[PDB]
$ cat protein20.pdb   # PDB, C-alpha atoms and all ligand atoms
ATOM      1  CA  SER A  42       7.881 -20.028  -9.315  1.00  0.00           C
ATOM      2  CA  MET A  43       4.351 -19.467  -8.024  1.00  0.00           C
ATOM      3  CA  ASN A  44       3.317 -16.311  -6.200  1.00  0.00           C
ATOM      4  CA  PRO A  45       3.401 -16.206  -2.402  1.00  0.00           C
ATOM      5  CA  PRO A  46       0.139 -16.007  -0.525  1.00  0.00           C
ATOM      6  CA  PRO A  47      -0.979 -12.394  -0.058  1.00  0.00           C
ATOM      7  CA  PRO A  48      -0.468 -10.569   3.232  1.00  0.00           C
ATOM      8  CA  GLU A  49      -3.126 -11.323   5.872  1.00  0.00           C
ATOM      9  CA  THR A  50      -6.062  -8.909   5.682  1.00  0.00           C
ATOM     10  CA  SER A  51      -8.383 -10.246   8.422  1.00  0.00           C
ATOM     11  CA  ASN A  52      -7.823 -11.926  11.758  1.00  0.00           C
ATOM     12  CA  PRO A  53     -10.896 -12.534  13.931  1.00  0.00           C
ATOM     13  CA  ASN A  54      -8.715 -12.871  17.038  1.00  0.00           C
ATOM     14  CA  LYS A  55      -7.460  -9.267  16.852  1.00  0.00           C
ATOM     15  CA  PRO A  56      -9.265  -6.491  18.722  1.00  0.00           C
ATOM     16  CA  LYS A  57     -10.911  -3.771  16.650  1.00  0.00           C
ATOM     17  CA  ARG A  58     -11.543  -0.058  17.034  1.00  0.00           C
ATOM     18  CA  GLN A  59     -12.703   3.006  15.094  1.00  0.00           C
ATOM     19  CA  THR A  60     -10.505   6.131  15.106  1.00  0.00           C
ATOM     20  CA  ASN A  61     -10.692   9.388  13.192  1.00  0.00           C
ATOM     21  CA  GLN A  62      -7.219   8.857  11.760  1.00  0.00           C
ATOM     22  CA  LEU A  63      -8.026   5.353  10.488  1.00  0.00           C
ATOM     23  CA  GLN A  64     -11.243   6.712   8.978  1.00  0.00           C
ATOM     24  CA  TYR A  65      -9.233   9.435   7.230  1.00  0.00           C
ATOM     25  CA  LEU A  66      -6.694   6.911   5.941  1.00  0.00           C
ATOM     26  CA  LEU A  67      -9.490   5.023   4.185  1.00  0.00           C
ATOM     27  CA  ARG A  68     -11.871   7.834   3.126  1.00  0.00           C
ATOM     28  CA  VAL A  69      -9.204  10.325   2.034  1.00  0.00           C
ATOM     29  CA  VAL A  70      -5.770   8.724   1.614  1.00  0.00           C
ATOM     30  CA  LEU A  71      -6.570   5.308   0.105  1.00  0.00           C
ATOM     31  CA  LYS A  72      -9.471   6.497  -2.041  1.00  0.00           C
ATOM     32  CA  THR A  73      -7.554   9.477  -3.447  1.00  0.00           C
ATOM     33  CA  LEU A  74      -4.482   7.392  -4.320  1.00  0.00           C
ATOM     34  CA  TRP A  75      -6.669   4.686  -5.821  1.00  0.00           C
ATOM     35  CA  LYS A  76      -7.942   7.111  -8.491  1.00  0.00           C
ATOM     36  CA  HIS A  77      -4.493   8.331  -9.515  1.00  0.00           C
ATOM     37  CA  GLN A  78      -3.490   7.866 -13.171  1.00  0.00           C
ATOM     38  CA  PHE A  79      -0.547   5.679 -12.087  1.00  0.00           C
ATOM     39  CA  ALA A  80      -2.307   3.687  -9.353  1.00  0.00           C
ATOM     40  CA  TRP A  81      -3.020   0.519 -11.286  1.00  0.00           C
ATOM     41  CA  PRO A  82       0.329  -1.296 -10.720  1.00  0.00           C
ATOM     42  CA  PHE A  83      -0.154  -0.820  -6.970  1.00  0.00           C
ATOM     43  CA  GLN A  84      -3.831  -1.859  -6.619  1.00  0.00           C
ATOM     44  CA  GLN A  85      -3.142  -5.558  -5.915  1.00  0.00           C
ATOM     45  CA  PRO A  86      -0.257  -7.790  -4.845  1.00  0.00           C
ATOM     46  CA  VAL A  87       2.513  -7.957  -7.421  1.00  0.00           C
ATOM     47  CA  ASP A  88       1.652 -10.930  -9.630  1.00  0.00           C
ATOM     48  CA  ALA A  89       5.215 -12.007 -10.397  1.00  0.00           C
ATOM     49  CA  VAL A  90       3.942 -14.908 -12.500  1.00  0.00           C
ATOM     50  CA  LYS A  91       1.759 -12.794 -14.809  1.00  0.00           C
ATOM     51  CA  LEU A  92       4.321  -9.979 -14.964  1.00  0.00           C
ATOM     52  CA  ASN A  93       7.178 -12.435 -15.635  1.00  0.00           C
ATOM     53  CA  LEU A  94       9.295 -11.178 -12.732  1.00  0.00           C
ATOM     54  CA  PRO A  95      10.757 -14.479 -11.503  1.00  0.00           C
ATOM     55  CA  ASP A  96      13.067 -12.766  -8.993  1.00  0.00           C
ATOM     56  CA  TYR A  97      10.549 -10.318  -7.497  1.00  0.00           C
ATOM     57  CA  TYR A  98       9.893 -12.397  -4.391  1.00  0.00           C
ATOM     58  CA  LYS A  99      13.574 -13.329  -4.124  1.00  0.00           C
ATOM     59  CA  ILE A 100      14.272  -9.628  -3.564  1.00  0.00           C
ATOM     60  CA  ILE A 101      11.062  -8.381  -1.932  1.00  0.00           C
ATOM     61  CA  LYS A 102      10.423 -10.294   1.301  1.00  0.00           C
ATOM     62  CA  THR A 103       7.855  -7.871   2.769  1.00  0.00           C
ATOM     63  CA  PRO A 104       5.255  -7.425   0.016  1.00  0.00           C
ATOM     64  CA  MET A 105       2.598  -4.706   0.239  1.00  0.00           C
ATOM     65  CA  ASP A 106       0.057  -3.075  -2.055  1.00  0.00           C
ATOM     66  CA  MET A 107      -2.989  -0.815  -1.874  1.00  0.00           C
ATOM     67  CA  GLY A 108      -5.485  -3.633  -2.359  1.00  0.00           C
ATOM     68  CA  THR A 109      -4.176  -5.265   0.789  1.00  0.00           C
ATOM     69  CA  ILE A 110      -4.139  -1.902   2.604  1.00  0.00           C
ATOM     70  CA  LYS A 111      -7.736  -1.212   1.553  1.00  0.00           C
ATOM     71  CA  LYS A 112      -8.901  -4.651   2.747  1.00  0.00           C
ATOM     72  CA  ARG A 113      -7.022  -4.184   6.033  1.00  0.00           C
ATOM     73  CA  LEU A 114      -8.786  -0.856   6.615  1.00  0.00           C
ATOM     74  CA  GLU A 115     -12.216  -2.228   5.644  1.00  0.00           C
ATOM     75  CA  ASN A 116     -11.689  -5.276   7.901  1.00  0.00           C
ATOM     76  CA  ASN A 117     -10.578  -3.086  10.848  1.00  0.00           C
ATOM     77  CA  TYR A 118      -7.297  -4.986  10.808  1.00  0.00           C
ATOM     78  CA  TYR A 119      -5.271  -1.975  11.942  1.00  0.00           C
ATOM     79  CA  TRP A 120      -5.418  -0.754  15.533  1.00  0.00           C
ATOM     80  CA  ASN A 121      -2.983   2.132  14.952  1.00  0.00           C
ATOM     81  CA  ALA A 122      -2.872   4.590  12.062  1.00  0.00           C
ATOM     82  CA  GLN A 123       0.904   4.143  12.100  1.00  0.00           C
ATOM     83  CA  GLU A 124       0.466   0.524  10.986  1.00  0.00           C
ATOM     84  CA  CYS A 125      -1.309   1.635   7.833  1.00  0.00           C
ATOM     85  CA  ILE A 126       1.187   4.425   7.146  1.00  0.00           C
ATOM     86  CA  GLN A 127       3.993   1.889   7.503  1.00  0.00           C
ATOM     87  CA  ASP A 128       2.272  -0.352   4.946  1.00  0.00           C
ATOM     88  CA  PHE A 129       2.081   2.481   2.407  1.00  0.00           C
ATOM     89  CA  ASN A 130       5.768   3.207   3.021  1.00  0.00           C
ATOM     90  CA  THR A 131       6.640  -0.481   2.575  1.00  0.00           C
ATOM     91  CA  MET A 132       4.785  -0.477  -0.746  1.00  0.00           C
ATOM     92  CA  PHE A 133       6.757   2.526  -2.049  1.00  0.00           C
ATOM     93  CA  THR A 134      10.139   1.361  -0.800  1.00  0.00           C
ATOM     94  CA  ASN A 135       9.568  -2.130  -2.277  1.00  0.00           C
ATOM     95  CA  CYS A 136       9.151  -0.541  -5.692  1.00  0.00           C
ATOM     96  CA  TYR A 137      12.321   1.531  -5.237  1.00  0.00           C
ATOM     97  CA  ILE A 138      14.286  -1.489  -3.975  1.00  0.00           C
ATOM     98  CA  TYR A 139      13.304  -3.822  -6.802  1.00  0.00           C
ATOM     99  CA  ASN A 140      13.771  -1.227  -9.534  1.00  0.00           C
ATOM    100  CA  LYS A 141      16.205   1.579 -10.441  1.00  0.00           C
ATOM    101  CA  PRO A 142      16.029   5.379 -10.263  1.00  0.00           C
ATOM    102  CA  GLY A 143      14.367   6.725 -13.390  1.00  0.00           C
ATOM    103  CA  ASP A 144      12.468   3.521 -14.340  1.00  0.00           C
ATOM    104  CA  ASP A 145       8.934   4.391 -15.464  1.00  0.00           C
ATOM    105  CA  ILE A 146       7.491   2.167 -12.714  1.00  0.00           C
ATOM    106  CA  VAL A 147       9.572   4.059 -10.107  1.00  0.00           C
ATOM    107  CA  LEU A 148       8.398   7.457 -11.349  1.00  0.00           C
ATOM    108  CA  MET A 149       4.820   6.135 -11.151  1.00  0.00           C
ATOM    109  CA  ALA A 150       5.385   5.186  -7.521  1.00  0.00           C
ATOM    110  CA  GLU A 151       7.029   8.567  -6.821  1.00  0.00           C
ATOM    111  CA  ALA A 152       3.953  10.387  -8.112  1.00  0.00           C
ATOM    112  CA  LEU A 153       1.716   8.350  -5.789  1.00  0.00           C
ATOM    113  CA  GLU A 154       4.134   8.878  -2.922  1.00  0.00           C
ATOM    114  CA  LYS A 155       4.095  12.659  -3.363  1.00  0.00           C
ATOM    115  CA  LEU A 156       0.283  12.635  -3.165  1.00  0.00           C
ATOM    116  CA  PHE A 157       0.437  10.274  -0.178  1.00  0.00           C
ATOM    117  CA  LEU A 158       2.784  12.593   1.706  1.00  0.00           C
ATOM    118  CA  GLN A 159       0.543  15.599   1.006  1.00  0.00           C
ATOM    119  CA  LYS A 160      -2.466  13.749   2.384  1.00  0.00           C
ATOM    120  CA  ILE A 161      -0.501  12.445   5.383  1.00  0.00           C
ATOM    121  CA  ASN A 162       0.651  15.984   6.156  1.00  0.00           C
ATOM    122  CA  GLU A 163      -3.074  16.864   6.357  1.00  0.00           C
ATOM    123  CA  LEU A 164      -3.830  13.942   8.718  1.00  0.00           C
ATOM    124  CA  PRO A 165      -6.159  15.199  11.454  1.00  0.00           C
ATOM    125  CA  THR A 166      -5.036  15.386  15.069  1.00  0.00           C
ATOM    126  CA  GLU A 167      -6.227  12.407  17.120  1.00  0.00           C
ATOM    127  CA  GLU A 168      -9.605  13.003  18.732  1.00  0.00           C
TER     128      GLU A 168
HETATM  129  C1  LIG B   1       6.232  -4.350 -19.204  1.00  0.00           C
HETATM  130  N1  LIG B   1       6.768  -4.276 -17.823  1.00  0.00           N
HETATM  131  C2  LIG B   1       6.265  -3.054 -17.135  1.00  0.00           C
HETATM  132  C3  LIG B   1       6.838  -2.954 -15.709  1.00  0.00           C
HETATM  133  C4  LIG B   1       6.595  -4.266 -14.899  1.00  0.00           C
HETATM  134  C5  LIG B   1       7.018  -4.104 -13.458  1.00  0.00           C
HETATM  135  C6  LIG B   1       8.369  -4.054 -13.055  1.00  0.00           C
HETATM  136  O1  LIG B   1       9.378  -4.146 -13.945  1.00  0.00           O
HETATM  137  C7  LIG B   1       8.685  -3.867 -11.711  1.00  0.00           C
HETATM  138  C8  LIG B   1       7.713  -3.737 -10.728  1.00  0.00           C
HETATM  139  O2  LIG B   1       8.086  -3.540  -9.448  1.00  0.00           O
HETATM  140  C9  LIG B   1       6.355  -3.787 -11.079  1.00  0.00           C
HETATM  141  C10 LIG B   1       5.309  -3.640 -10.128  1.00  0.00           C
HETATM  142  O3  LIG B   1       5.580  -3.451  -8.895  1.00  0.00           O
HETATM  143  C11 LIG B   1       3.964  -3.680 -10.590  1.00  0.00           C
HETATM  144  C12 LIG B   1       3.695  -3.866 -11.955  1.00  0.00           C
HETATM  145  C13 LIG B   1       2.402  -3.930 -12.530  1.00  0.00           C
HETATM  146  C14 LIG B   1       1.400  -4.667 -11.903  1.00  0.00           C
HETATM  147  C15 LIG B   1       0.118  -4.768 -12.436  1.00  0.00           C
HETATM  148  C16 LIG B   1      -0.193  -4.119 -13.626  1.00  0.00           C
HETATM  149  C17 LIG B   1       0.783  -3.374 -14.282  1.00  0.00           C
HETATM  150  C18 LIG B   1       2.077  -3.264 -13.752  1.00  0.00           C
HETATM  151 CL1  LIG B   1       3.190  -2.302 -14.596  1.00  0.00          CL
HETATM  152  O4  LIG B   1       4.729  -4.030 -12.827  1.00  0.00           O
HETATM  153  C19 LIG B   1       6.034  -3.971 -12.452  1.00  0.00           C
HETATM  154  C20 LIG B   1       7.088  -5.493 -15.695  1.00  0.00           C
HETATM  155  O5  LIG B   1       8.498  -5.466 -15.848  1.00  0.00           O
HETATM  156  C21 LIG B   1       6.444  -5.533 -17.082  1.00  0.00           C
END
$ encode --input "protein20.pdb" --output "structure tokens" --more "lines below"
Ligand SMILES: CN1CC[C@H](c2c(O)cc(O)c3c(=O)cc(-c4ccccc4Cl)oc23)[C@H](O)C1
Amino acid sequence: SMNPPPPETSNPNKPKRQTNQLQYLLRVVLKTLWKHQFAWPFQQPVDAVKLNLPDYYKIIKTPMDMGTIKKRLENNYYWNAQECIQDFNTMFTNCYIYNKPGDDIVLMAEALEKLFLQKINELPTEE
């Protein structure tokens, strides 16, 4: 099987806005997670071909990853901060769905998720 196309990251027909929460999600949340020692599996769409995971996209029907999230932020694709938060949550839950408790890849995701939740708890109030 080939890989699916990646999630959309730009749509010139969508309206765009700047908000302090979206700025924070890029400047603080995405950039901090990106540097984490276990970030690398989550920095781009899961390449099921290269990883030899022929059933990945039979099980995961709503793919998400931090490369896509980053591009969405940088393209002003999100109108609401909640959309971006949902995408991070989709990324983590996809890993937990595909895999099993205690797998190394799951514990990697859990470490990123703990950091994510700390940074989301520090999300600024809307201006
Ligand atoms: C050797 N083994 C390691 C785990 C890997 C694997 C899984 O078993 C299950 C997964 O859900 C993922 C994933 O989401 C991302 C990456 C990944 C992606 C890019 C670079 C490195 C890695 Cl580890 O790998 C995954 C695959 O079985 C090959």
$ residues_near_point --input "protein20.pdb" --point "(-9.8, 8.8, 3.6)" --cutoff "12 Å" --atoms "only C-alpha atoms" --output "list in words"
residues 60, 61, 62, 63, 64, 65, 66, 67, 68, 69, 70, 71, 72, 73, 74, 75, 111, 114, 115, 122, 125, 157, 160, 161, 163, 164 and 165 of chain A
$ closest_atom_pairs --input "protein20.pdb" --of "chain A" --to "ligand LIG 1 (chain B)" --cutoff "10 Å" --atoms "all atoms listed in the file" --output "Markdown table"
| residue | atom | partner | partner_atom | distance |
| --- | --- | --- | --- | --- |
| A:79 | CA | B:LIG1 | CL1 | 9.2 |
| A:80 | CA | B:LIG1 | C16 | 9.1 |
| A:81 | CA | B:LIG1 | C16 | 5.9 |
| A:82 | CA | B:LIG1 | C14 | 3.7 |
| A:83 | CA | B:LIG1 | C11 | 6.2 |
| A:84 | CA | B:LIG1 | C15 | 7.6 |
| A:85 | CA | B:LIG1 | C15 | 7.3 |
| A:86 | CA | B:LIG1 | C14 | 7.9 |
| A:87 | CA | B:LIG1 | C11 | 5.5 |
| A:88 | CA | B:LIG1 | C14 | 6.7 |
| A:89 | CA | B:LIG1 | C9 | 8.3 |
| A:91 | CA | B:LIG1 | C15 | 8.5 |
| A:92 | CA | B:LIG1 | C20 | 5.3 |
| A:93 | CA | B:LIG1 | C20 | 6.9 |
| A:94 | CA | B:LIG1 | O5 | 6.6 |
| A:97 | CA | B:LIG1 | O2 | 7.5 |
| A:101 | CA | B:LIG1 | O2 | 9.4 |
| A:104 | CA | B:LIG1 | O3 | 9.8 |
| A:105 | CA | B:LIG1 | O3 | 9.7 |
| A:106 | CA | B:LIG1 | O3 | 8.8 |
| A:132 | CA | B:LIG1 | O3 | 8.7 |
| A:133 | CA | B:LIG1 | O3 | 9.2 |
| A:135 | CA | B:LIG1 | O2 | 7.5 |
| A:136 | CA | B:LIG1 | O2 | 4.9 |
| A:137 | CA | B:LIG1 | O2 | 7.8 |
| A:138 | CA | B:LIG1 | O2 | 8.5 |
| A:139 | CA | B:LIG1 | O2 | 5.9 |
| A:140 | CA | B:LIG1 | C7 | 6.1 |
| A:141 | CA | B:LIG1 | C7 | 9.4 |
| A:144 | CA | B:LIG1 | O1 | 8.3 |
| A:145 | CA | B:LIG1 | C3 | 7.6 |
| A:146 | CA | B:LIG1 | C3 | 6.0 |
| A:147 | CA | B:LIG1 | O2 | 7.8 |
| A:149 | CA | B:LIG1 | CL1 | 9.3 |
| A:150 | CA | B:LIG1 | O3 | 8.7 |
$ closest_residue --input "protein20.pdb" --among "A:77, A:152, A:158, A:110" --to "residue 48 (chain A)" --atoms "only C-alpha atoms"
A:110
$ closest_residue --input "protein20.pdb" --among "A:159, A:134, A:103, A:116" --to "residue 53 (chain A)" --atoms "all atoms listed in the file"
A:116
$ atom_distance --input "protein20.pdb" --atom1 "CA of residue 113 (chain A)" --atom2 "CA of residue 76 (chain A)"
18.4 Å
$ residues_around --input "protein20.pdb" --residues "residue 50 (chain A)" --least-positions-apart "3" --cutoff "7 Å" --atoms "all atoms listed in the file" --output "count of residues only"
4
$ closest_residue --input "protein20.pdb" --among "A:126, A:121, A:95, A:102" --to "residue 58 (chain A)" --atoms "all atoms listed in the file"
A:121
$ closest_residue --input "protein20.pdb" --among "A:78, A:42, A:166, A:117" --to "residue 57 (chain A)" --atoms "all atoms listed in the file"
A:117
$ atom_distance --input "protein20.pdb" --atom1 "CA of residue 120 (chain A)" --atom2 "CA of residue 151 (chain A)"
27.2 Å
$ atom_distance --input "protein20.pdb" --atom1 "CA of residue 124 (chain A)" --atom2 "CA of residue 96 (chain A)"
27.1 Å
